[PDB]
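Everything on this sheet refers to the single structure shown next.
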Amino acid sequence: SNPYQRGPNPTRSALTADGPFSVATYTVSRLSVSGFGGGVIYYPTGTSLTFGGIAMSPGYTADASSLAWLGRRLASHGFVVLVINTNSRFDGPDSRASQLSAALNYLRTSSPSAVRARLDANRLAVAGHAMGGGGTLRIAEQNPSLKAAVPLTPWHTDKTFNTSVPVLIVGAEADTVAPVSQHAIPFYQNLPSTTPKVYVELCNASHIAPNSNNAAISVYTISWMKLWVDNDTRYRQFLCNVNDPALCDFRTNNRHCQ
Ligand SMILES: O=C(O)c1ccc(C(=O)OCCCCO)cc1
Ligand SMILES: [Ca+2]
């Protein structure tokens with residue numbers, strides 16, 4: 001009945017590992033594009049289906065490889081994921097927003113045929129690590145068509161974003177680079193009260209927790225993307241009535257659960 005629904009009924013165990021789909025990659029060379037530094041597209045193969053798309057940005061001084069595990073994890077659960085490299089490794093968060101915007105336009109207008117055949121360009125979301133997550137919040141403000149945004153241990157000097165795009169922010173308790181008291185939590189609190197939003201804080205986690213395989217990040221990022229990109233309400237169970245011992249803070253206005 002939901003034409004965008006993919007994969008068997010989820011289990012928490014299943015969302016901590018690569019999913020039902022084989023994954024291929026397409027390397028986007030830096031010279032092949034303008035507006036961002038190229039990157040890697042992870043996309044499902046062995047299938048004739050189409051899937052929503054996600055543009056993902058790494059953080060300060062980092063490249064696409066720092067989120068390669070997450071790009072492949074999301075792809076394997078049924079998404080087309082472009083993890084970008086930036087024009088300069090020292091680009092700030094608003095620059096990363098512009099480069100996410102170029103990456104989304106590339107997906108919708110300049111995709112390789114192998115990517116486009118697996119892509120429903122009408123259903124796009126964004127995600128990002130650190131300054132990349134700052135850029136995710138800025139692009140959510142500009143582009144109301146986005147289905148979801150997931151900033152991972154985000155960093156931004158701007159603390160105030162206006163968007164109706166549903167936002168789930170992942171904070172890291174022990175983050176000294178983007179302390180949650182100065183970034184993640186102000187971001188959550190200053191988002192509109194009418195916008196479906198969730199803040200989770202991983203116990204004992206560091207700023208680099210998003211840069212390698214992480215069960216909690218996998219569960220919440222897949223579930224948020226499934227819920228909003230696919231309208232797949234089967235993933236409400238992991239985001240609602242939440243009792244998760246991996247988490248040491250949880251905040252929501254609960255607008256995503258019905
Ligand atoms: O995106 C990241 O992971 C990230 C974000 C911020 C810093 C940082 O040191 O902020 C202080 C200095 C600002 C520019 O020098 C480092 C890394
Ligand atoms: Ca602002």
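In the structure tokens, each chain is lettered A, B, ... as it comes, each chain's residues begin at 1, and ligands are numbered from 1 in order of appearance.
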
Checklist line | Test item: residues lying within 8 Å of ligand 1 with only C-alpha atoms and all ligand atoms, as an NGL selection string | finding: :A and (58-62 or 90 or 92-93 or 129-132 or 154-156 or 177-178 or 207-208)

Next item on the list: List every residue of range 34-226 of chain A that DSSP, applied to the backbone of this structure, places in strand (DSSP E or B), and write the result as a PyMOL selection string.
Entry: chain A and resi 39-45+51-57+80-84+119-129+149-152+167-172+197-202

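Compared by their closest atoms to ligand 2, and using only C-alpha atoms and all ligand atoms, the residues A:14, A:124, A:172, A:140 rank with A:140 nearest.
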
Next item on the list: Name each residue within 9 Å of ligand 2, counting only C-alpha atoms and all ligand atoms, as an MDAnalysis selection string.
Entry: chainID A and resid 138 157:162

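When only C-alpha atoms are used to measure the gap to residue 151 in chain A, the shortest distance among A:106, A:26, A:79, A:224 belongs to A:224.
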
Next item on the list: Using DSSP on the backbone, list every residue of range 31-136 of chain A that comes out as alpha helix (DSSP H), and give them as an MDAnalysis selection string.
Entry: chainID A and resid 68:76 93:109 113:116 131:136

Residue contacts of range 36-53 of chain A (7 Å, only C-alpha atoms) excluding same-chain residues fewer than 5 positions away, as a compact mmCIF listing (two decimals) with N, CA, C and O atoms, in the first residue's frame:
# COMPACT_ATOMS: atom_id res chain seq x y z
N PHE A 21 20.01 -5.23 0.90
CA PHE A 21 20.40 -4.94 -0.47
C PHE A 21 21.91 -4.98 -0.65
O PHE A 21 22.66 -4.50 0.20
N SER A 22 22.34 -5.60 -1.75
CA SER A 22 23.71 -5.44 -2.21
C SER A 22 23.96 -3.99 -2.61
O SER A 22 23.04 -3.28 -3.03
N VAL A 23 25.20 -3.54 -2.44
CA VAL A 23 25.57 -2.15 -2.65
C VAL A 23 26.65 -2.09 -3.73
O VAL A 23 27.58 -2.89 -3.73
N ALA A 24 26.50 -1.15 -4.66
CA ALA A 24 27.59 -0.78 -5.55
C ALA A 24 27.98 0.66 -5.27
O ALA A 24 27.28 1.39 -4.57
N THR A 25 29.11 1.06 -5.83
CA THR A 25 29.60 2.42 -5.66
C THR A 25 29.91 3.05 -7.00
O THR A 25 30.27 2.37 -7.97
N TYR A 26 29.79 4.37 -7.04
CA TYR A 26 30.18 5.18 -8.18
C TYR A 26 31.03 6.32 -7.66
O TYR A 26 30.54 7.15 -6.87
N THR A 27 32.29 6.38 -8.08
CA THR A 27 33.18 7.45 -7.64
C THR A 27 32.93 8.67 -8.52
O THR A 27 33.05 8.60 -9.75
N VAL A 28 32.54 9.78 -7.88
CA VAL A 28 32.34 11.06 -8.54
C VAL A 28 33.65 11.83 -8.44
O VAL A 28 34.03 12.27 -7.36
N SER A 29 34.34 11.98 -9.56
CA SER A 29 35.63 12.65 -9.52
C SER A 29 35.45 14.14 -9.26
O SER A 29 34.48 14.76 -9.71
N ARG A 30 36.41 14.70 -8.53
CA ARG A 30 36.45 16.14 -8.26
C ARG A 30 36.32 16.97 -9.53
O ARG A 30 35.59 17.97 -9.56
N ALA A 64 35.36 12.09 2.38
CA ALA A 64 34.20 11.21 2.27
C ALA A 64 34.43 9.88 2.98
O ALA A 64 33.48 9.27 3.47
N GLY A 71 27.58 5.51 4.71
CA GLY A 71 27.05 5.55 3.35
C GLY A 71 26.69 4.18 2.83
O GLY A 71 25.63 3.99 2.22
N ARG A 72 27.54 3.19 3.10
CA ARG A 72 27.26 1.82 2.69
C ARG A 72 26.14 1.21 3.53
O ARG A 72 25.30 0.47 3.00
N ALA A 75 22.83 2.74 2.21
CA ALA A 75 22.57 2.16 0.89
C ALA A 75 22.05 0.73 1.02
O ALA A 75 21.06 0.36 0.39
N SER A 76 22.72 -0.08 1.85
CA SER A 76 22.33 -1.48 2.02
C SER A 76 20.93 -1.65 2.61
O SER A 76 20.36 -2.74 2.49
N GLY A 78 18.46 0.35 1.55
CA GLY A 78 17.58 0.82 0.51
C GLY A 78 17.60 2.32 0.30
O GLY A 78 16.55 2.96 0.37
N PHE A 79 18.77 2.89 0.01
CA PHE A 79 18.92 4.31 -0.27
C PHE A 79 20.05 4.51 -1.27
O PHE A 79 20.99 3.71 -1.35
N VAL A 80 19.96 5.60 -2.02
CA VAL A 80 21.06 6.09 -2.84
C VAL A 80 21.75 7.18 -2.02
O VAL A 80 21.10 8.15 -1.62
N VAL A 81 23.04 7.02 -1.74
CA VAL A 81 23.71 7.91 -0.80
C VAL A 81 24.96 8.49 -1.45
O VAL A 81 25.88 7.75 -1.83
N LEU A 82 25.00 9.81 -1.57
CA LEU A 82 26.18 10.51 -2.06
C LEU A 82 26.88 11.17 -0.88
O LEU A 82 26.39 12.16 -0.32
N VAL A 83 28.02 10.61 -0.49
CA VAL A 83 28.90 11.22 0.50
C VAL A 83 29.89 12.09 -0.25
O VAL A 83 30.66 11.59 -1.08
N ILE A 84 29.88 13.39 0.05
CA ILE A 84 30.69 14.33 -0.72
C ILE A 84 32.06 14.51 -0.09
O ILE A 84 32.24 14.37 1.12
N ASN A 85 33.03 14.82 -0.94
CA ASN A 85 34.21 15.58 -0.55
C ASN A 85 33.96 17.06 -0.80
O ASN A 85 33.19 17.43 -1.70
N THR A 86 34.60 17.91 -0.01
CA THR A 86 34.39 19.35 -0.14
C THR A 86 35.48 19.97 -0.99
O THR A 86 36.53 19.37 -1.22
N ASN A 87 35.20 21.18 -1.50
CA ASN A 87 36.17 21.87 -2.34
C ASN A 87 37.49 22.04 -1.61
O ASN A 87 38.56 21.75 -2.16
N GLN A 99 27.57 22.99 -0.75
CA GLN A 99 28.06 21.82 -1.45
C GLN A 99 27.08 20.65 -1.34
O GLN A 99 26.95 19.88 -2.30
N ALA A 102 24.61 21.52 -4.10
CA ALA A 102 25.13 21.08 -5.40
C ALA A 102 25.04 19.56 -5.56
O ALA A 102 24.74 19.06 -6.66
N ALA A 103 25.30 18.81 -4.49
CA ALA A 103 25.24 17.36 -4.56
C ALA A 103 23.82 16.87 -4.83
O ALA A 103 23.60 15.94 -5.61
N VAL A 115 22.96 5.18 -11.43
CA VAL A 115 22.41 5.77 -10.22
C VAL A 115 20.96 6.20 -10.44
O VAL A 115 20.09 5.95 -9.59
N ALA A 117 18.64 5.12 -12.47
CA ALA A 117 17.69 4.02 -12.57
C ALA A 117 17.28 3.48 -11.21
O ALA A 117 16.21 2.88 -11.10
N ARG A 118 18.10 3.69 -10.18
CA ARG A 118 17.78 3.26 -8.83
C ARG A 118 17.28 4.41 -7.94
O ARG A 118 17.05 4.20 -6.75
N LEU A 119 17.13 5.61 -8.49
CA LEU A 119 16.85 6.80 -7.70
C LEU A 119 15.45 7.33 -7.96
O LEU A 119 15.05 7.50 -9.11
N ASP A 120 14.71 7.60 -6.88
CA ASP A 120 13.50 8.42 -6.95
C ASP A 120 13.94 9.80 -6.48
O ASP A 120 14.06 10.05 -5.28
N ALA A 121 14.21 10.69 -7.45
CA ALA A 121 14.72 12.02 -7.16
C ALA A 121 13.70 12.92 -6.47
O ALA A 121 14.08 14.00 -6.00
N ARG A 123 12.40 12.17 -3.67
CA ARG A 123 12.49 11.89 -2.23
C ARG A 123 13.95 11.96 -1.79
O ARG A 123 14.69 10.97 -1.90
N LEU A 124 14.34 13.11 -1.26
CA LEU A 124 15.72 13.43 -0.93
C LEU A 124 15.82 13.89 0.52
O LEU A 124 14.90 14.53 1.06
N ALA A 125 16.94 13.58 1.15
CA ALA A 125 17.22 14.03 2.51
C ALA A 125 18.71 14.35 2.61
O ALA A 125 19.48 14.14 1.66
N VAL A 229 11.75 9.58 4.42
CA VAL A 229 12.03 9.50 2.99
C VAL A 229 11.08 8.51 2.33
O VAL A 229 10.59 8.75 1.23
N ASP A 230 10.79 7.40 3.02
CA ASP A 230 9.95 6.33 2.51
C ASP A 230 8.52 6.37 3.04
O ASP A 230 7.71 5.53 2.66

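One finds CA of residue 196 in chain A at 25.6 Å from CA of residue 8 in chain A.
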
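Proximity to residue 108 in chain A was assessed for A:188, A:54, A:237, A:144 counting only C-alpha atoms; the smallest distance is recorded for A:54.
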